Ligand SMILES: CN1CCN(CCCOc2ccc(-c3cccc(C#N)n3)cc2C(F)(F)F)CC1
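Read the single chain below, which is given as structure tokens and is the form deposited without this ligand.
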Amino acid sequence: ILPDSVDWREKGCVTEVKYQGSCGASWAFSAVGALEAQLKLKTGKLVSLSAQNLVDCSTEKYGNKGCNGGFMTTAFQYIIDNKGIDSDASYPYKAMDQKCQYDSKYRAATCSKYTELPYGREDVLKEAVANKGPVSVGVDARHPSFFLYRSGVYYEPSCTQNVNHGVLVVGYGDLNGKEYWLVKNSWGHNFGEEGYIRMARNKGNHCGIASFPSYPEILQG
């Protein structure tokens, strides 16, 4: 039996909204956001993890291009392969491609595996958000309505199921009858509701929110 509403901010699993700047690294912010929540569930400690570490180190082997884009799934694979990711404090974000400076001395999290959810399945996404944690997703963000969004439940008739911007689903609910996904963006506090957007849910995979969902886990064995 799934809750009607969830908000992982209430469970202490969501760090401050970040500002990616002119670097196209939303993939890296989406990935660290998902892992931040799993780290809190494991250790009780909420700590921002290094998006820069992913930008600089999860590169050609993972199909990622730093400030020119990339993928959450392969970001997670880098963290698995590397046996760690640094804290954001120890390896801060500069919004540029830099030489990899990963140092195991400042490791703040590990990742054992990741899971991809099936294309377009908002019911499966709901279950994962309720029972696993925040889920990294792609959205179609290429409409003025998206970047100008201030409040309410976002619905854009021209949205497609093709995704181009990485964000984090941290919850869901309903606002005066409109079902929504609660989405953490990485465009700082002047986007949306202090950095968050509520996006239409159960409206035929609106803006591709359920097209490419994935989440990491931190496990023994």
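Note that residue numbering begins at 1 and tracks the sequence as displayed.
Separately, the form deposited with this ligand bound exists; it is not shown, and the next lines address it.
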**Fill in**
Answer among 120-128, 145-153, 100-108, 82-90 for heavy atoms within 4.5 Å of this ligand in the entry with it bound: the stretch 145-153
**Distance check, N176 to this ligand in the entry with it bound, heavy atom within 4.5 Å** = no
**Asked** How about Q52: is it within 4.5 Å of this ligand in the entry with it bound, going by heavy atoms?
**Response** no
**Prompt:** in the entry with it bound, does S158 have a heavy atom within 4.5 Å of this ligand?
**Reply:** no
**Asked** With a 4.5 Å heavy atom cut-off, would you call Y180 a contact of this ligand in the entry with it bound?
**Response** no
**Asked** Is any part of 159-192 within 4.5 angstroms of this ligand in the entry with it bound by a non-hydrogen atom, and which residues would that be?
**Response** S186, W187, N190, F191
